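Heads up, the chain below is alone and in the form deposited in one PDB entry; it's given as structure tokens.
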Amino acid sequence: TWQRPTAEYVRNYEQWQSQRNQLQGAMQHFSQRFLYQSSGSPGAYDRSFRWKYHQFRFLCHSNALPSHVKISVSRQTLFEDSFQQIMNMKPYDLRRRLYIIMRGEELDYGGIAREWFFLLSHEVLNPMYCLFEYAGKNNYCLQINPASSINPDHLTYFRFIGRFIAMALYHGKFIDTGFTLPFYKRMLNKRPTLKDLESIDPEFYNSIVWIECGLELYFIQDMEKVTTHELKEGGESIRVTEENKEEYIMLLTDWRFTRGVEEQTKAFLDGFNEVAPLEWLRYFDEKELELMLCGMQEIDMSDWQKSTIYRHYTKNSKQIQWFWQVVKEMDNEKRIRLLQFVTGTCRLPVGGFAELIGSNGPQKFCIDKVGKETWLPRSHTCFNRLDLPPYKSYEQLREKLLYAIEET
């Protein structure tokens, strides 16, 4: 199906199948995700996630056509069945209440849509289709495959994936595809930063940082057969001057997050926007959007504490005592946000904090002493690591930690 089989296609195929067995189990765990209880108005603006969710919800109700639509599918042909129906419906009818009819299976229509959204959100990752790939080891750091074109229907598929994610959000259902924060940034129209490069391509991040005694470069980029690309008009001709670089770094970073995925992302965003206008997400930051789409979980504090590792610090060290106390003080939603800051996602694997994964593989939540008291804490999400300055007080740590976290 589409791409010929590489050695690495075979590898990714098996991971996906295993994922399907695992997913079959995993639903019980997925069903205890939650957001907020219904309300229509959300009351007076208060900067909180709660208010934003309600306001959004409200927009979805208010603009909903009445009655329902039947989406008819077979369990073994979920992707293909869903695609046809959805694509042949007219986006506004997807705003009506969803009745998902699983063929041959007979009360809990909410329960069925929930499972359908979950299943389908894994089925789209199928290495056949060639839509996505992973940057790190195993299934670390999802991204659109630059070579999605190998599948000649790929843009239509991306458009459908767009409607599907808009429907999850529009009907308040959770998906589990694994999109990254920079991908959400793009749905919000925020420009991903250099910091964000570290999340997805840490070594590329290092090179950009290093970028005066340094070799020959051109406002051009080589992307892979091969084809080089302009990076602004007639860039081949335009020498990057080892002291004239911002244009290069900026455009580079921007290009790293748009290399060979421009039409695919456009197509994804038109699909989303037909169903639920992107304008409606205006209040959300990229972590809040992830939350809307994936759902909150209860963060088990003790699981967190147990499976944390330290560097130049023990559990006894004063700064870490202060850390855990502050975390305890936090409500669940602030615990999630700290989780997103340090690991780049609000999703926790099946068993909990021992299984945590980084770029390199198994990689538990880490805290090292590294800062400058005047510096705020910082993270390296590829390594699930918090750099926590050896602060000189509880209130020093608490202010800074809270600040870095709600920062955007």
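Sequential numbering from 1, following the sequence displayed. In this text, the rigid core denotes the largest set of C-alpha atoms whose superposition between the two forms falls within 1.5 Å.
There is another form of this protein, the form deposited in another entry, and it is not shown here; the text below is about that form.
Superposing the two forms on their core leaves just one of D300, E247, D81, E115 with a Cα displacement of at least 2 Å between this form and the one not shown, namely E247.
For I238, the Cα coordinates differ by 2 angstroms or more between this form and the one not shown after the core has been superposed.
Relative to the superposed core, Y218 undergoes a C-alpha shift of no less than 2 Å between this form and the one not shown.
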